[PDB]
Amino acid sequence: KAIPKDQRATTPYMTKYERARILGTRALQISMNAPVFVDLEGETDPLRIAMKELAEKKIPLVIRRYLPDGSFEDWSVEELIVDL
Amino acid sequence: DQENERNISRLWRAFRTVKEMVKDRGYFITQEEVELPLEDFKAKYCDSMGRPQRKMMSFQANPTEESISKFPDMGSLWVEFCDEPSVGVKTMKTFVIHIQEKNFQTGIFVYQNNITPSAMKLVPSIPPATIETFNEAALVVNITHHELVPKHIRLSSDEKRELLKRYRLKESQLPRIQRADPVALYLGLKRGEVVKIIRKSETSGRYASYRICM
């Protein structure tokens, strides 16, 4: 059904499952020769580069949050706060 | 004294409850018309020797102006008792009709030892009007006063259509309560009416819950 970027209702923060999966997912790509959006301070381990992209919040992904009834909310790694 | 001084003491409390219940349902009654002590009770619904005259206890009741705010069409209620330890399918036409004429909506009847299976099958024969059947022995104590049973609340067909829209719930995904469930009767629910159960919690003082009916 979708939901406006306003009227948004989820948690402003990133869930462990999310972050967990983002890094993974992102690694996977980086490990696949996808483009890396951060300067590698010399890193060479994908999941480690991923940890970097994720701290300069330079990961081009979007976490779609399905709700019990099907509608979803879309947040960007950008927005989502990362406490953990 | 003998063992009759106790068969009234029971009808008494039994009465008390009926009252309380009729007020929590959403009707008009004073706390003074309830706390009616034993003493002053005798000298009212008794005859000579000192025995109970039930046909003399029956009465009517009306909605509080508050119950009109949330429930518009909430009709009037009537309660009735009987001096007949063994009520039958004849004295029923007495009640069933008494209401179909006056035109109320809620009919509460109180049987003693029981009713005749020939009788009971005459309640769902005059809609809208609704009737309910209660045994004395089950109204001696108000079940709602028990340490465990927390308090429930009826939800307006408005308050309900909202509970769903706010949780994006379908009717069926809601926690249910029995049509026969003790408390469901104490308030007289109807297949579809939702109840809000508000209890205490060792995790967070109060927890709001809902129970639809089936």
# chains A, B, ... in the order shown; residues from 1 in each chain; ligands from 1
>>> residues_around(residues="region 147-157 of chain B", least_positions_apart="6", cutoff="12 Å", atoms="only C-alpha atoms", output="short mmCIF file (atom, residue, chain, number, x, y, z; two decimals) with C-alpha atoms, in the first residue's frame")
data_model
loop_
_atom_site.label_atom_id
_atom_site.label_comp_id
_atom_site.auth_asym_id
_atom_site.auth_seq_id
_atom_site.Cartn_x
_atom_site.Cartn_y
_atom_site.Cartn_z
CA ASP B 24 -21.76 -1.03 36.10
CA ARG B 25 -23.69 -2.02 32.97
CA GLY B 26 -24.33 1.68 32.64
CA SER B 67 -24.42 6.35 29.15
CA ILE B 68 -26.22 8.48 26.59
CA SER B 69 -23.03 10.23 25.51
CA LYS B 70 -21.24 7.08 24.31
CA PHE B 71 -24.24 4.80 23.70
CA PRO B 72 -27.18 6.63 22.15
CA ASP B 73 -29.98 4.10 21.72
CA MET B 74 -29.26 2.32 25.02
CA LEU B 163 -9.26 0.31 17.98
CA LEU B 164 -9.05 -1.54 14.68
CA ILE B 177 -13.79 -13.53 25.11
CA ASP B 181 -17.56 -16.03 29.87
CA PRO B 182 -18.65 -15.02 33.40
CA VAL B 183 -17.69 -11.35 33.09
CA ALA B 184 -19.13 -11.19 29.58
CA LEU B 185 -22.48 -11.92 31.15
CA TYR B 186 -21.98 -9.49 34.03
CA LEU B 187 -22.01 -6.79 31.36
CA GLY B 188 -24.06 -8.59 28.74
CA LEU B 189 -21.92 -8.56 25.63
CA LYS B 190 -23.16 -9.25 22.15
CA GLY B 192 -19.18 -8.39 18.10
CA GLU B 193 -18.94 -6.11 21.08
CA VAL B 194 -15.36 -5.45 22.17
CA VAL B 195 -14.13 -5.10 25.74
CA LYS B 196 -11.11 -3.24 27.05
CA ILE B 197 -9.27 -5.09 29.76
CA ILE B 198 -7.19 -2.88 31.95
CA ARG B 199 -5.01 -4.70 34.50
CA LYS B 200 -2.01 -4.19 36.75
CA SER B 201 1.53 -5.25 35.71
CA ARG B 206 -1.04 -0.74 33.87
CA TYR B 207 -1.52 -2.73 30.65
CA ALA B 208 -4.34 -2.10 28.23
CA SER B 209 -5.81 -5.12 26.48
CA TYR B 210 -8.78 -5.95 24.31
CA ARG B 211 -11.18 -8.85 23.98
CA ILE B 212 -13.71 -9.06 21.14
CA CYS B 213 -16.59 -11.48 21.42
#
>>> closest_atom_pairs(of="chain B", to="chain A", cutoff="12 Å", atoms="only C-alpha atoms", output="tab-separated table")
residue	atom	partner	partner_atom	distance
B:164	CA	A:69	CA	11.6
B:165	CA	A:69	CA	11.3
B:166	CA	A:9	CA	11.6
B:167	CA	A:68	CA	9.3
B:168	CA	A:69	CA	6.6
B:169	CA	A:69	CA	7.5
B:170	CA	A:69	CA	8.8
B:173	CA	A:68	CA	10.6
>>> atom_distance(atom1="CA of residue 49 (chain B)", atom2="CA of residue 20 (chain B)")
29.1 Å
>>> select_by_dssp(residues="region 15-198 of chain B", states="strand (DSSP E)", output="list in words")
residues 59, 60, 61, 77, 78, 79, 80, 106, 107, 108, 109, 110, 111, 130, 131, 132, 133, 134, 135, 176, 177, 195, 196, 197 and 198 of chain B
>>> write_last_selection(atoms="N, CA and C atoms", output="compact mmCIF listing (two decimals), in the first residue's frame")
# COMPACT_ATOMS: atom_id res chain seq x y z
N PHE B 59 -38.11 -4.73 39.78
CA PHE B 59 -38.03 -3.28 39.58
C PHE B 59 -37.50 -2.88 38.22
N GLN B 60 -37.53 -1.58 37.96
CA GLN B 60 -37.06 -1.02 36.69
C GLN B 60 -35.84 -0.14 36.95
N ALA B 61 -35.13 0.19 35.87
CA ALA B 61 -33.94 1.02 35.96
C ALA B 61 -33.72 1.78 34.66
N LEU B 77 -33.83 -0.93 31.15
CA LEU B 77 -33.71 -2.27 31.73
C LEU B 77 -34.75 -2.56 32.79
N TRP B 78 -35.08 -3.84 32.95
CA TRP B 78 -36.03 -4.30 33.95
C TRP B 78 -35.53 -5.64 34.52
N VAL B 79 -35.59 -5.76 35.84
CA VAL B 79 -35.16 -6.98 36.52
C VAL B 79 -36.37 -7.61 37.20
N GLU B 80 -36.38 -8.94 37.31
CA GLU B 80 -37.50 -9.62 37.96
C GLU B 80 -37.09 -10.89 38.70
N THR B 106 -33.99 -4.40 27.56
CA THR B 106 -33.25 -5.32 28.42
C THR B 106 -34.11 -6.01 29.47
N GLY B 107 -34.16 -7.33 29.42
CA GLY B 107 -34.96 -8.08 30.37
C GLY B 107 -34.17 -9.10 31.16
N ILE B 108 -33.98 -8.81 32.45
CA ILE B 108 -33.25 -9.70 33.34
C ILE B 108 -34.20 -10.43 34.27
N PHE B 109 -34.11 -11.75 34.27
CA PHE B 109 -34.98 -12.59 35.09
C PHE B 109 -34.15 -13.44 36.03
N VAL B 110 -34.62 -13.61 37.26
CA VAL B 110 -33.87 -14.39 38.24
C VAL B 110 -34.59 -15.64 38.72
N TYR B 111 -34.16 -16.80 38.24
CA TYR B 111 -34.76 -18.07 38.64
C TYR B 111 -34.09 -18.59 39.91
N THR B 130 -34.01 -7.82 24.10
CA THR B 130 -33.13 -8.88 24.57
C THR B 130 -33.39 -9.30 26.01
N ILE B 131 -33.21 -10.58 26.29
CA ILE B 131 -33.43 -11.11 27.63
C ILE B 131 -32.25 -11.95 28.08
N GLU B 132 -32.08 -12.07 29.39
CA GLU B 132 -30.99 -12.85 29.96
C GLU B 132 -31.51 -13.63 31.17
N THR B 133 -30.85 -14.74 31.49
CA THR B 133 -31.27 -15.60 32.59
C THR B 133 -30.18 -15.84 33.63
N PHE B 134 -30.46 -15.51 34.88
CA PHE B 134 -29.47 -15.68 35.95
C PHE B 134 -29.97 -16.50 37.15
N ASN B 135 -29.15 -17.43 37.61
CA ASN B 135 -29.48 -18.26 38.76
C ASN B 135 -29.13 -17.48 40.00
N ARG B 176 -10.06 -12.84 21.89
CA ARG B 176 -11.48 -12.99 22.17
C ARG B 176 -11.91 -13.40 23.56
N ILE B 177 -13.18 -13.15 23.85
CA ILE B 177 -13.79 -13.53 25.11
C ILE B 177 -15.05 -14.33 24.79
N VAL B 195 -14.31 -5.53 24.35
CA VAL B 195 -14.13 -5.10 25.74
C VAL B 195 -12.69 -4.69 25.94
N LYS B 196 -12.47 -3.67 26.77
CA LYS B 196 -11.11 -3.24 27.05
C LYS B 196 -10.71 -3.71 28.43
N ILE B 197 -9.72 -4.57 28.49
CA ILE B 197 -9.27 -5.09 29.76
C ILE B 197 -8.04 -4.38 30.26
N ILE B 198 -8.24 -3.66 31.34
CA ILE B 198 -7.19 -2.88 31.95
C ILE B 198 -6.71 -3.48 33.26
>>> residues_around(residues="residue 42 (chain B)", least_positions_apart="5", cutoff="10 Å", atoms="only C-alpha atoms", output="list in words")
residues 8, 9, 12, 37, 47, 50, 51, 52 and 53 of chain B
>>> write_last_selection(atoms="N, CA, C and O atoms", output="compact mmCIF listing (two decimals), in the first residue's frame")
# COMPACT_ATOMS: atom_id res chain seq x y z
N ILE B 8 -32.31 -16.17 53.55
CA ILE B 8 -32.68 -14.81 53.18
C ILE B 8 -31.37 -14.05 53.06
O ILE B 8 -31.14 -13.34 52.09
N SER B 9 -30.53 -14.22 54.08
CA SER B 9 -29.21 -13.59 54.12
C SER B 9 -28.56 -13.79 52.76
O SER B 9 -27.78 -12.95 52.30
N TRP B 12 -30.51 -11.90 49.99
CA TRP B 12 -30.09 -10.51 50.18
C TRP B 12 -28.89 -10.16 49.32
O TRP B 12 -28.99 -9.34 48.39
N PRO B 37 -28.18 -2.14 54.02
CA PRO B 37 -27.89 -3.18 55.02
C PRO B 37 -28.99 -4.22 55.18
O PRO B 37 -30.11 -4.05 54.71
N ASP B 47 -43.29 -10.46 54.58
CA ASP B 47 -44.73 -10.40 54.85
C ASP B 47 -45.05 -10.27 56.35
O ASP B 47 -45.00 -9.17 56.91
N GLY B 50 -41.87 -13.43 58.65
CA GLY B 50 -40.53 -12.91 58.47
C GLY B 50 -39.87 -13.54 57.26
O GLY B 50 -38.65 -13.66 57.20
N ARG B 51 -40.70 -13.94 56.29
CA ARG B 51 -40.21 -14.57 55.07
C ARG B 51 -40.18 -13.64 53.85
O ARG B 51 -40.93 -12.67 53.78
N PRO B 52 -39.30 -13.94 52.89
CA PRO B 52 -39.11 -13.17 51.66
C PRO B 52 -40.24 -13.20 50.66
O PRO B 52 -40.77 -14.25 50.32
N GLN B 53 -40.60 -12.01 50.17
CA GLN B 53 -41.65 -11.86 49.17
C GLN B 53 -40.96 -11.33 47.91
O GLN B 53 -40.94 -10.13 47.66
>>> residues_around(residues="residue 30 (chain A)", least_positions_apart="3", cutoff="12 Å", atoms="only C-alpha atoms", output="ChimeraX atom specification")
/A:22-27,33-38,40,43-53,59
>>> closest_residue(among="A:8, A:65, A:14, A:2", to="residue 80 (chain A)", atoms="only C-alpha atoms")
A:14
>>> decode(residues="region 38-67 of chain A", atoms="N, CA and C atoms", output="compact mmCIF listing (two decimals), in the first residue's frame")
# COMPACT_ATOMS: atom_id res chain seq x y z
N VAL A 38 33.66 5.04 0.16
CA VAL A 38 34.48 5.66 1.20
C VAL A 38 35.94 5.49 0.83
N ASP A 39 36.82 6.29 1.42
CA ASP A 39 38.24 6.12 1.13
C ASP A 39 38.68 4.95 2.00
N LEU A 40 39.34 3.96 1.41
CA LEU A 40 39.79 2.83 2.20
C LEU A 40 41.04 3.29 2.90
N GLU A 41 40.95 3.46 4.22
CA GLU A 41 42.09 3.92 4.99
C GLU A 41 43.13 2.82 4.90
N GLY A 42 42.91 1.91 3.96
CA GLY A 42 43.83 0.80 3.76
C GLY A 42 43.14 -0.51 4.04
N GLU A 43 41.87 -0.44 4.41
CA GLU A 43 41.10 -1.64 4.71
C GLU A 43 41.09 -2.60 3.51
N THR A 44 40.79 -3.87 3.75
CA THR A 44 40.76 -4.85 2.68
C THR A 44 39.83 -5.99 2.98
N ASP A 45 39.08 -5.86 4.06
CA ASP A 45 38.11 -6.88 4.41
C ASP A 45 36.77 -6.25 4.18
N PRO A 46 35.99 -6.78 3.23
CA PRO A 46 34.66 -6.23 2.92
C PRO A 46 33.80 -5.83 4.12
N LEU A 47 33.50 -6.77 5.00
CA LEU A 47 32.69 -6.50 6.18
C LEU A 47 33.31 -5.41 7.03
N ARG A 48 34.56 -5.11 6.75
CA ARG A 48 35.25 -4.09 7.50
C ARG A 48 35.07 -2.75 6.77
N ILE A 49 34.99 -2.82 5.45
CA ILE A 49 34.78 -1.64 4.61
C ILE A 49 33.34 -1.25 4.85
N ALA A 50 32.51 -2.28 4.93
CA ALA A 50 31.10 -2.10 5.17
C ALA A 50 30.93 -1.39 6.50
N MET A 51 31.69 -1.79 7.51
CA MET A 51 31.57 -1.12 8.79
C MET A 51 31.93 0.34 8.60
N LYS A 52 32.87 0.62 7.69
CA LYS A 52 33.26 2.00 7.43
C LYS A 52 32.14 2.74 6.69
N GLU A 53 31.73 2.26 5.52
CA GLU A 53 30.64 2.93 4.82
C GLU A 53 29.51 3.26 5.80
N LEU A 54 29.21 2.33 6.69
CA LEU A 54 28.13 2.52 7.65
C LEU A 54 28.35 3.55 8.76
N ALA A 55 29.58 4.01 8.94
CA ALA A 55 29.83 4.99 9.98
C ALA A 55 29.91 6.41 9.41
N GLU A 56 30.07 6.51 8.10
CA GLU A 56 30.12 7.81 7.46
C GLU A 56 28.77 7.88 6.77
N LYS A 57 27.89 7.00 7.23
CA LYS A 57 26.54 6.87 6.69
C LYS A 57 26.51 7.11 5.19
N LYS A 58 27.39 6.40 4.48
CA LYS A 58 27.46 6.50 3.04
C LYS A 58 27.11 5.16 2.42
N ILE A 59 25.98 4.61 2.85
CA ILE A 59 25.54 3.36 2.26
C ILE A 59 24.21 3.70 1.63
N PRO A 60 24.14 3.58 0.31
CA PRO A 60 23.01 3.84 -0.57
C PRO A 60 21.80 2.95 -0.43
N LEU A 61 21.65 2.29 0.71
CA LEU A 61 20.50 1.42 0.84
C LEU A 61 19.29 1.95 1.61
N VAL A 62 18.17 1.26 1.42
CA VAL A 62 16.90 1.60 2.05
C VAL A 62 16.22 0.39 2.66
N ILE A 63 15.93 0.50 3.95
CA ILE A 63 15.27 -0.57 4.67
C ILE A 63 13.76 -0.43 4.65
N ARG A 64 13.11 -1.27 3.85
CA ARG A 64 11.67 -1.22 3.75
C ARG A 64 11.11 -2.00 4.91
N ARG A 65 10.26 -1.36 5.70
CA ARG A 65 9.67 -1.99 6.87
C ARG A 65 8.23 -2.44 6.73
N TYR A 66 8.03 -3.70 6.34
CA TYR A 66 6.67 -4.19 6.22
C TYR A 66 5.99 -4.23 7.58
N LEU A 67 4.70 -3.92 7.57
CA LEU A 67 3.89 -3.95 8.77
C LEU A 67 3.02 -5.22 8.77
